[PDB]
Amino acid sequence: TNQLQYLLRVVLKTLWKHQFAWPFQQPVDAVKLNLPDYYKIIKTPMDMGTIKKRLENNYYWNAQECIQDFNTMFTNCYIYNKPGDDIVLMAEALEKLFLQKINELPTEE
Amino acid sequence: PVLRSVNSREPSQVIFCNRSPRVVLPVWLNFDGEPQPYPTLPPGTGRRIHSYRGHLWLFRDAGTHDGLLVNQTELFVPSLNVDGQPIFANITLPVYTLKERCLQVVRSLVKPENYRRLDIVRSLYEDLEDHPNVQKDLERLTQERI
Amino acid sequence: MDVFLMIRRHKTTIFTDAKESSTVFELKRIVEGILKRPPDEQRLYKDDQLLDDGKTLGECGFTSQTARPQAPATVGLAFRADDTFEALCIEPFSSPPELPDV
Amino acid sequence: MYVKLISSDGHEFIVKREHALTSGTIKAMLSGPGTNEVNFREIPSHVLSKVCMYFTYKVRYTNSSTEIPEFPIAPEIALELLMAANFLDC
Ligand SMILES: Cc1ncsc1-c1ccc(CNC(=O)[C@@H]2C[C@@H](O)CN2C(=O)[C@@H](NC(=O)CCC2CCN(c3nc(N(C)CCC(=O)NC4CC4)nc(N(C)Cc4c(C)nn(C)c4C)n3)CC2)C(C)(C)C)cc1
């Protein structure tokens with residue numbers, strides 16, 4: 001299976017090594033962040049590093065089950081943060097770069 | 001990884017001024033000490049901006065890639081705002097050396113692809129083909145800690 | 001605030017600053033500190049303009065717009081040597097102009 | 001108080017000592033050990049004028065609160081001024 005590897009070695013890595021990408025590496029700690037209404041509005045927080053941990057450990061079966069977990073974090077940030085909130089502008093940059101490199105995407109085994 | 005901005009989530013809200021008669025390129029420094037260019041301010045124009053305390057800024061001439069002075073210094077870091085909320089950075093032309101000023105002026109009035117058809121010493125060629133680069137001045141300031 | 005000028009007679013030039021409030025008479029007394037000749041014996045011009053010992057540096061032009069530290073204003077001097085005269089001394093210098101690759 | 005500067009062509013220049021000392025060459029030549037008059041056999045007066053002009057501006061506008069203006073260099077004399085300033089270490 002090469003598609004769960006082109007995302008991990010190339011696609012994941014270039015996005016992991018981004019300046020705005022640091023908060024998107026660990027899931028939210030609502031108690032320390034001072035906001036307990038995070039889990040109530042967002043129903044699928046399965047992202048932020050969890051995307052990586054399950055990608056090497058082969059929990060995503062195919063080339064689209066994994067990509068859809070990416071879109072969740074981007075949209076999740078849009079859902080709870082007002083459009084134009086610095087944290088959104090960071091999420092928008094990561095999504096832009098995600099689309100830039102996936103346009104030469106290889107065939108799925 | 002030494003001259004960088006701290007990952008800070010605090011308000012500062014700084015106001016730029018560009019009191020210099022040049023096209024200033026404000027450049028924000030990453031949390032990994034990297035040059036990030038922001039919108040240019042035309043000469044004599046000032047924009048109220050927000051920022052976080054502990055982020056570091058230096059200014060440049062967008063076209064000729066010269067350095068500028070923010071409050072008589074090469075670097076800018078936001079102060080403590082409360083009851084003086086708009087921290088204010090005033091950008092002016094540095095007191096240039098006559099050599100480097102003349103070094104600049106020739107670069108602007110000569111096409112850079114020649115530079116070697118002027119009858120000057122070979123040592124003085126790499127002075128004008130030196131180009132005031134941003135990170136060129138960063139290594140100097142990294143040392144300047146004492 | 002202050003005007004920045006430069007006083008010339010033959011191949012000699014003086015680079016100094018002065019205040020707009022002072023009159024031309026006050027400037028001549030400072031000249032004696034450099035060239036050591038009485039102010040009576042010297043007479044300052046403004047490029048073909050006699051200067052009277054009563055009008056201030058302002059009142060005879062010379063603003064902070066025309067006489068700056070980066071581009072000072074030119075103002076002239078002559079001597080008498082026993083009797084009176086010796087205008088004007090205009091004493092320029094020329095530069096090689098060619099823009100080979102400019 | 002003032003130091004005289006002579007050009008190759010002959011023009012005499014009277015500037016303050018402190019103004020000229022901004023040049024690293026005038027700093028070193030005006031004696032660590034030690035009289036106050038120097039002449040330059042390759043610096044023409046038209047160039048030397050901008051040299052003393054840069055001095056008044058180098059002194060007037062260093063770490064000052066008043067907007068520092070740009071420095072005027074005529075293009076034909078720009079080449080000569082570079083070599084002179086290169087030599088004067090300023
Ligand atoms: C007009 C003009 N003319 C000339 S120039 C000019 C000009 C000048 C400036 C500008 C705009 N101005 C800027 O560009 C300023 C200037 C400079 O200062 C940089 N700059 C910024 O704006 C920057 N932004 C910042 O530096 C601060 C951004 C923070 C906020 C705090 N935060 C953050 N927030 C949150 N939420 C509260 C959101 C909840 C959420 O849904 N989260 C989902 C991600 C899961 N949750 C977390 N996480 C994850 C938890 C966490 C963990 C694990 N640890 N910690 C501690 C927490 C809280 N993190 C990190 C991100 C950048 C990076 C956007 C550039 C424009 C133009």
# chains A, B, ... in the order shown; residues from 1 in each chain; ligands from 1

$ interface_residues --of "chain A" --to "chain B" --cutoff "12 Å" --atoms "only C-alpha atoms" --output "PDB file with N, CA and C atoms, in the first residue's frame"
ATOM      1  N   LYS A  17       6.417  20.192   9.284  1.00  0.00           N
ATOM      2  CA  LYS A  17       7.550  21.107   9.434  1.00  0.00           C
ATOM      3  C   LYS A  17       7.182  22.533   9.066  1.00  0.00           C
ATOM      4  N   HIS A  18       5.967  22.953   9.386  1.00  0.00           N
ATOM      5  CA  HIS A  18       5.521  24.294   9.059  1.00  0.00           C
ATOM      6  C   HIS A  18       5.406  25.124  10.332  1.00  0.00           C
ATOM      7  N   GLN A  19       5.675  26.428  10.205  1.00  0.00           N
ATOM      8  CA  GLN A  19       5.691  27.296  11.381  1.00  0.00           C
ATOM      9  C   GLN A  19       4.311  27.412  12.021  1.00  0.00           C
ATOM     10  N   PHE A  20       3.247  27.512  11.218  1.00  0.00           N
ATOM     11  CA  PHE A  20       1.931  27.686  11.820  1.00  0.00           C
ATOM     12  C   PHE A  20       1.358  26.364  12.315  1.00  0.00           C
ATOM     13  N   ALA A  21       2.040  25.250  12.057  1.00  0.00           N
ATOM     14  CA  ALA A  21       1.501  23.914  12.279  1.00  0.00           C
ATOM     15  C   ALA A  21       1.688  23.391  13.700  1.00  0.00           C
ATOM     16  N   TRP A  22       2.288  24.165  14.608  1.00  0.00           N
ATOM     17  CA  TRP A  22       2.616  23.595  15.915  1.00  0.00           C
ATOM     18  C   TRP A  22       1.389  23.257  16.768  1.00  0.00           C
ATOM     19  N   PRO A  23       0.321  24.070  16.799  1.00  0.00           N
ATOM     20  CA  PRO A  23      -0.818  23.704  17.654  1.00  0.00           C
ATOM     21  C   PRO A  23      -1.610  22.536  17.099  1.00  0.00           C
ATOM     22  N   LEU A  33      -6.858  25.572  28.298  1.00  0.00           N
ATOM     23  CA  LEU A  33      -7.223  26.595  27.325  1.00  0.00           C
ATOM     24  C   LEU A  33      -8.327  27.541  27.791  1.00  0.00           C
ATOM     25  N   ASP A  86      -6.885  34.620  13.954  1.00  0.00           N
ATOM     26  CA  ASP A  86      -5.494  34.230  13.747  1.00  0.00           C
ATOM     27  C   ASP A  86      -5.291  32.719  13.655  1.00  0.00           C
ATOM     28  N   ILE A  87      -5.976  31.959  14.515  1.00  0.00           N
ATOM     29  CA  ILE A  87      -5.890  30.502  14.463  1.00  0.00           C
ATOM     30  C   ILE A  87      -6.532  29.948  13.195  1.00  0.00           C
TER      31      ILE A  87
END

$ residues_around --residues "residue 53 (chain C)" --least-positions-apart "5" --cutoff "9 Å" --atoms "only C-alpha atoms" --output "NGL selection string"
:C and (23-26)

$ closest_residue --among "B:26, B:1, B:35, B:63" --to "ligand 1" --atoms "only C-alpha atoms and all ligand atoms"
B:26

$ interface_residues --of "chain B" --to "chain C" --cutoff "12 Å" --atoms "only C-alpha atoms" --output "PyMOL selection string"
chain B and resi 98+105-119

$ residues_around --residues "residue 42 (chain A)" --least-positions-apart "6" --cutoff "8 Å" --atoms "only C-alpha atoms" --output "list in words"
residues 76, 79 and 80 of chain A

$ interface_residues --of "chain D" --to "chain C" --cutoff "9 Å" --atoms "only C-alpha atoms" --output "PyMOL selection string"
chain D and resi 2+6+9-16+44-47+50+52-58+60-61+69-72+75-77+80

$ residues_near_ligand --ligand "ligand 1" --cutoff "8 Å" --atoms "only C-alpha atoms and all ligand atoms" --output "PyMOL selection string"
(chain A and resi 19-20+22-29+33+38+48+73+76-81+86-91) or (chain B and resi 7-10+16+25-26+28+38-41+47-53+55)

$ residues_around --residues "residue 23 (chain D)" --least-positions-apart "2" --cutoff "8 Å" --atoms "only C-alpha atoms" --output "NGL selection string"
:D and (20-21 or 25-27 or 88-90)

$ residues_around --residues "region 17-19 of chain B" --least-positions-apart "2" --cutoff "9 Å" --atoms "only C-alpha atoms" --output "PyMOL selection string"
(chain B and resi 15+21-24+41-48+70+88-93) or (chain D and resi 67-68)

$ select_by_dssp --residues "chain A" --states "helix (DSSP H, G or I)" --output "number ranges by chain"
A: 3-16, 19-21, 23-25, 30-33, 38-41, 50-56, 65-80, 86-102

$ select_by_dssp --residues "chain D" --states "strand (DSSP E)" --output "list in words"
residues 2, 3, 4, 5, 6, 12, 13, 14, 15, 16, 37, 38 and 39 of chain D

$ residues_around --residues "residue 39 (chain C)" --least-positions-apart "4" --cutoff "10 Å" --atoms "only C-alpha atoms" --output "PyMOL selection string"
chain C and resi 25-32+43-44+79

$ write_last_selection --atoms "C-alpha atoms" --output "compact mmCIF listing (two decimals), in the first residue's frame"
# COMPACT_ATOMS: atom_id res chain seq x y z
CA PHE C 25 27.16 91.28 11.76
CA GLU C 26 27.27 88.51 14.36
CA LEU C 27 28.55 86.01 11.77
CA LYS C 28 31.50 88.22 10.77
CA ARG C 29 32.74 88.24 14.36
CA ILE C 30 32.87 84.44 14.31
CA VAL C 31 34.90 84.58 11.08
CA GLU C 32 37.69 86.40 12.95
CA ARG C 43 32.24 91.96 3.74
CA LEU C 44 29.90 89.02 3.17
CA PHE C 79 38.82 91.67 1.79

$ residues_around --residues "residue 88 (chain C)" --least-positions-apart "3" --cutoff "9 Å" --atoms "only C-alpha atoms" --output "compact mmCIF listing (two decimals) with N, CA, C and O atoms, in the first residue's frame"
# COMPACT_ATOMS: atom_id res chain seq x y z
N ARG C 9 35.80 82.17 -0.08
CA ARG C 9 36.66 83.10 -0.81
C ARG C 9 37.72 82.14 -1.30
O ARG C 9 37.72 81.00 -0.84
N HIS C 10 38.75 82.60 -2.03
CA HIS C 10 39.42 81.83 -3.09
C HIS C 10 39.48 80.33 -2.79
O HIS C 10 38.43 79.72 -2.56
N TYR C 45 28.80 88.43 1.08
CA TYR C 45 27.78 88.56 0.05
C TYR C 45 26.92 87.31 0.02
O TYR C 45 27.26 86.27 0.60
N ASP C 48 26.20 87.83 -5.22
CA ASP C 48 25.97 89.10 -5.90
C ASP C 48 25.01 90.00 -5.13
O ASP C 48 24.39 90.89 -5.72
N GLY C 76 29.39 84.34 0.41
CA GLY C 76 30.70 84.77 -0.03
C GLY C 76 31.41 85.81 0.83
O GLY C 76 30.82 86.44 1.71
N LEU C 77 32.70 85.99 0.54
CA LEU C 77 33.57 86.87 1.33
C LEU C 77 34.65 87.52 0.48
O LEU C 77 35.18 86.92 -0.45
N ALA C 78 34.96 88.78 0.83
CA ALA C 78 36.03 89.55 0.21
C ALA C 78 36.75 90.38 1.27
O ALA C 78 36.22 90.61 2.36
N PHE C 85 38.29 96.73 -1.46
CA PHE C 85 37.73 96.09 -2.67
C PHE C 85 37.73 94.56 -2.63
O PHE C 85 37.22 93.95 -1.70

$ closest_residue --among "B:134, B:14, B:146, B:103" --to "chain D" --atoms "only C-alpha atoms"
B:103

$ atom_distance --atom1 "CA of residue 17 (chain D)" --atom2 "CA of residue 3 (chain D)"
5.1 Å

$ decode --residues "region 13-130 of chain B" --atoms "C-alpha atoms" --output "PDB file, in the first residue's frame"
ATOM      1  CA  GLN B  13      -1.430  45.861  18.999  1.00  0.00           C
ATOM      2  CA  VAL B  14       1.553  47.869  17.627  1.00  0.00           C
ATOM      3  CA  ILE B  15       1.334  50.908  15.329  1.00  0.00           C
ATOM      4  CA  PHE B  16       3.942  51.341  12.560  1.00  0.00           C
ATOM      5  CA  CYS B  17       4.895  54.739  11.138  1.00  0.00           C
ATOM      6  CA  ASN B  18       7.434  54.676   8.259  1.00  0.00           C
ATOM      7  CA  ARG B  19       8.811  58.092   8.936  1.00  0.00           C
ATOM      8  CA  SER B  20      11.496  57.189   6.369  1.00  0.00           C
ATOM      9  CA  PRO B  21      11.211  58.455   2.774  1.00  0.00           C
ATOM     10  CA  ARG B  22      11.576  54.881   1.470  1.00  0.00           C
ATOM     11  CA  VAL B  23       9.333  51.907   0.746  1.00  0.00           C
ATOM     12  CA  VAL B  24       9.628  49.961   3.981  1.00  0.00           C
ATOM     13  CA  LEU B  25       9.255  46.205   4.014  1.00  0.00           C
ATOM     14  CA  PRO B  26       8.360  45.184   7.569  1.00  0.00           C
ATOM     15  CA  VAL B  27       9.528  41.638   8.155  1.00  0.00           C
ATOM     16  CA  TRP B  28       8.253  39.502  11.007  1.00  0.00           C
ATOM     17  CA  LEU B  29      10.617  36.952  12.508  1.00  0.00           C
ATOM     18  CA  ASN B  30       9.300  33.410  12.837  1.00  0.00           C
ATOM     19  CA  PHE B  31       9.308  31.276  15.950  1.00  0.00           C
ATOM     20  CA  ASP B  32      12.249  29.626  14.127  1.00  0.00           C
ATOM     21  CA  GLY B  33      14.124  32.869  13.362  1.00  0.00           C
ATOM     22  CA  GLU B  34      12.971  33.205   9.741  1.00  0.00           C
ATOM     23  CA  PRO B  35      12.207  36.294   7.586  1.00  0.00           C
ATOM     24  CA  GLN B  36       8.466  36.759   6.992  1.00  0.00           C
ATOM     25  CA  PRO B  37       7.582  39.750   4.736  1.00  0.00           C
ATOM     26  CA  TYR B  38       4.406  41.748   5.479  1.00  0.00           C
ATOM     27  CA  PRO B  39       2.598  44.474   3.467  1.00  0.00           C
ATOM     28  CA  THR B  40       4.768  47.417   2.457  1.00  0.00           C
ATOM     29  CA  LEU B  41       4.094  50.892   3.833  1.00  0.00           C
ATOM     30  CA  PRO B  42       4.539  53.787   1.387  1.00  0.00           C
ATOM     31  CA  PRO B  43       6.701  56.660   2.664  1.00  0.00           C
ATOM     32  CA  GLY B  44       4.952  58.757   5.308  1.00  0.00           C
ATOM     33  CA  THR B  45       2.092  56.318   6.001  1.00  0.00           C
ATOM     34  CA  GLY B  46       1.216  54.625   9.288  1.00  0.00           C
ATOM     35  CA  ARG B  47      -0.992  51.619  10.025  1.00  0.00           C
ATOM     36  CA  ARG B  48      -2.321  50.380  13.372  1.00  0.00           C
ATOM     37  CA  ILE B  49      -1.532  46.636  13.549  1.00  0.00           C
ATOM     38  CA  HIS B  50      -2.024  43.973  16.174  1.00  0.00           C
ATOM     39  CA  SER B  51       0.753  41.761  17.494  1.00  0.00           C
ATOM     40  CA  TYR B  52       1.666  39.511  20.394  1.00  0.00           C
ATOM     41  CA  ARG B  53       4.212  40.391  23.054  1.00  0.00           C
ATOM     42  CA  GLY B  54       7.524  38.665  22.435  1.00  0.00           C
ATOM     43  CA  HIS B  55       7.496  38.747  18.619  1.00  0.00           C
ATOM     44  CA  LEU B  56      10.509  40.361  16.960  1.00  0.00           C
ATOM     45  CA  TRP B  57      10.628  42.771  13.978  1.00  0.00           C
ATOM     46  CA  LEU B  58      13.269  44.603  11.868  1.00  0.00           C
ATOM     47  CA  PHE B  59      12.629  46.783   8.882  1.00  0.00           C
ATOM     48  CA  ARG B  60      13.952  46.903   5.319  1.00  0.00           C
ATOM     49  CA  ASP B  61      13.731  48.850   2.050  1.00  0.00           C
ATOM     50  CA  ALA B  62      11.421  46.637  -0.047  1.00  0.00           C
ATOM     51  CA  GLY B  63      13.194  47.538  -3.284  1.00  0.00           C
ATOM     52  CA  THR B  64      16.860  48.073  -2.390  1.00  0.00           C
ATOM     53  CA  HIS B  65      17.168  45.555   0.233  1.00  0.00           C
ATOM     54  CA  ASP B  66      18.641  48.007   2.773  1.00  0.00           C
ATOM     55  CA  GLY B  67      18.123  48.220   6.523  1.00  0.00           C
ATOM     56  CA  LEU B  68      16.155  50.763   8.545  1.00  0.00           C
ATOM     57  CA  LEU B  69      15.917  51.954  12.141  1.00  0.00           C
ATOM     58  CA  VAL B  70      12.904  51.371  14.371  1.00  0.00           C
ATOM     59  CA  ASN B  71      13.154  53.805  17.296  1.00  0.00           C
ATOM     60  CA  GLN B  72      16.890  54.226  16.551  1.00  0.00           C
ATOM     61  CA  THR B  73      17.406  50.427  16.759  1.00  0.00           C
ATOM     62  CA  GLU B  74      17.681  47.611  14.198  1.00  0.00           C
ATOM     63  CA  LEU B  75      15.164  45.406  16.038  1.00  0.00           C
ATOM     64  CA  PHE B  76      11.695  45.876  17.489  1.00  0.00           C
ATOM     65  CA  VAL B  77       9.944  43.887  20.221  1.00  0.00           C
ATOM     66  CA  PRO B  78       6.565  44.964  21.682  1.00  0.00           C
ATOM     67  CA  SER B  79       6.513  46.580  25.123  1.00  0.00           C
ATOM     68  CA  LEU B  80       3.933  46.387  27.928  1.00  0.00           C
ATOM     69  CA  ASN B  81       0.700  48.004  26.706  1.00  0.00           C
ATOM     70  CA  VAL B  82      -1.839  48.397  29.560  1.00  0.00           C
ATOM     71  CA  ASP B  83      -3.021  52.088  29.798  1.00  0.00           C
ATOM     72  CA  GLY B  84      -0.586  52.773  26.944  1.00  0.00           C
ATOM     73  CA  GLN B  85      -2.110  50.165  24.660  1.00  0.00           C
ATOM     74  CA  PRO B  86      -0.779  51.335  21.257  1.00  0.00           C
ATOM     75  CA  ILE B  87       2.947  50.600  21.419  1.00  0.00           C
ATOM     76  CA  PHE B  88       4.464  52.668  18.661  1.00  0.00           C
ATOM     77  CA  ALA B  89       7.451  51.918  16.411  1.00  0.00           C
ATOM     78  CA  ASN B  90       8.800  54.845  14.345  1.00  0.00           C
ATOM     79  CA  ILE B  91      10.923  53.873  11.354  1.00  0.00           C
ATOM     80  CA  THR B  92      13.587  56.257  10.061  1.00  0.00           C
ATOM     81  CA  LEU B  93      16.622  56.135   7.820  1.00  0.00           C
ATOM     82  CA  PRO B  94      19.758  54.880   9.598  1.00  0.00           C
ATOM     83  CA  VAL B  95      22.723  57.195   9.852  1.00  0.00           C
ATOM     84  CA  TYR B  96      24.425  55.532   6.913  1.00  0.00           C
ATOM     85  CA  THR B  97      28.154  55.348   6.359  1.00  0.00           C
ATOM     86  CA  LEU B  98      29.294  57.433   3.397  1.00  0.00           C
ATOM     87  CA  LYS B  99      30.840  54.329   1.813  1.00  0.00           C
ATOM     88  CA  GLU B 100      27.694  52.179   2.061  1.00  0.00           C
ATOM     89  CA  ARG B 101      25.486  55.122   1.044  1.00  0.00           C
ATOM     90  CA  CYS B 102      27.650  55.623  -2.047  1.00  0.00           C
ATOM     91  CA  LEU B 103      27.688  51.840  -2.357  1.00  0.00           C
ATOM     92  CA  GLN B 104      23.873  51.913  -2.476  1.00  0.00           C
ATOM     93  CA  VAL B 105      23.611  54.846  -4.892  1.00  0.00           C
ATOM     94  CA  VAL B 106      25.776  53.234  -7.570  1.00  0.00           C
ATOM     95  CA  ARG B 107      23.739  50.008  -7.369  1.00  0.00           C
ATOM     96  CA  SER B 108      20.583  52.022  -8.088  1.00  0.00           C
ATOM     97  CA  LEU B 109      22.126  54.022 -10.955  1.00  0.00           C
ATOM     98  CA  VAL B 110      23.969  51.095 -12.562  1.00  0.00           C
ATOM     99  CA  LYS B 111      22.547  47.892 -13.922  1.00  0.00           C
ATOM    100  CA  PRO B 112      23.680  45.128 -11.529  1.00  0.00           C
ATOM    101  CA  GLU B 113      24.645  42.827 -14.363  1.00  0.00           C
ATOM    102  CA  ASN B 114      27.651  45.026 -15.142  1.00  0.00           C
ATOM    103  CA  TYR B 115      29.260  46.275 -11.884  1.00  0.00           C
ATOM    104  CA  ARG B 116      32.599  45.066 -13.239  1.00  0.00           C
ATOM    105  CA  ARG B 117      32.926  47.574 -16.101  1.00  0.00           C
ATOM    106  CA  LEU B 118      33.599  50.369 -13.602  1.00  0.00           C
ATOM    107  CA  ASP B 119      37.258  51.275 -13.121  1.00  0.00           C
ATOM    108  CA  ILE B 120      37.533  50.489  -9.409  1.00  0.00           C
ATOM    109  CA  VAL B 121      39.638  48.059  -7.381  1.00  0.00           C
ATOM    110  CA  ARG B 122      38.689  44.377  -7.376  1.00  0.00           C
ATOM    111  CA  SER B 123      38.150  44.584  -3.608  1.00  0.00           C
ATOM    112  CA  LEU B 124      35.504  47.273  -4.189  1.00  0.00           C
ATOM    113  CA  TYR B 125      33.539  44.991  -6.541  1.00  0.00           C
ATOM    114  CA  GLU B 126      32.355  42.535  -3.868  1.00  0.00           C
ATOM    115  CA  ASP B 127      31.376  45.579  -1.805  1.00  0.00           C
ATOM    116  CA  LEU B 128      28.587  46.581  -4.199  1.00  0.00           C
ATOM    117  CA  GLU B 129      27.801  43.001  -5.268  1.00  0.00           C
ATOM    118  CA  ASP B 130      27.339  42.402  -1.509  1.00  0.00           C
TER     119      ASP B 130
END
